[PDB]
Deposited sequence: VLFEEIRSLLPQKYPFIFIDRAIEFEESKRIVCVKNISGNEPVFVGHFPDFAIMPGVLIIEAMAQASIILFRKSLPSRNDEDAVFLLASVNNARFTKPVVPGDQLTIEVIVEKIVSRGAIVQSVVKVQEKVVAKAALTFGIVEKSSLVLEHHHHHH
């Protein structure tokens, strides 16, 4: 799944896109996606001026956007719960995020997912995410 199938699948547009390509896809349980970390991205100007590192909260969003792509390839998604999120290794410009998402429930008008992010072949982040589904509440 190339980047521009991803664009209309994601409601997010720049500056808040964190998915570049999807390698694997199991229709409603599993997906893996790729995020290229390049020094030319906007967040690296201020985080940090001295040392460029991907913020941990943006890795969670990279987990969440990979979940939304799975969900909307599977027949507004707001992240509502973050549990057991662990951040292990610094993420540097030049790395590729291999973002893994496993589905745990799609039954509570929302979704519990459990995600694992890896650089070349070693884990750098994990989290258990839960979303909520709303559309123009008013």
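What the model leaves out of the deposited chain are the segments 76 to 83, 147 to 156.
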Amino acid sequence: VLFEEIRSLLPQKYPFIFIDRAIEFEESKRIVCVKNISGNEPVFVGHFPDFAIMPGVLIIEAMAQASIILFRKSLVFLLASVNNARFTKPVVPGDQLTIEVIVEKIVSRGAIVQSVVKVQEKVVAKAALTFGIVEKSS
From here on, numbers count along this sequence of modelled residues.
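For the segment pair 53 to 61 and 80 to 88, the entry gives 80 to 88 the higher mean B-factor, averaged over Cα atoms. According to the PDB record, 118 to 126 carries the higher mean C-alpha B-factor of the two stretches 118 to 126 and 14 to 22. The PDB entry assigns the greatest CA B-factor among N40, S108, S67, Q96 to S108. For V101, the recorded CA temperature factor ranks within the middle third of the chain's modelled residues. When the CA B factors of the chain's modelled residues are split into thirds, the value for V113 lands in the highest one. The deposited CA B-factor of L75 belongs to the highest third of values across its chain.
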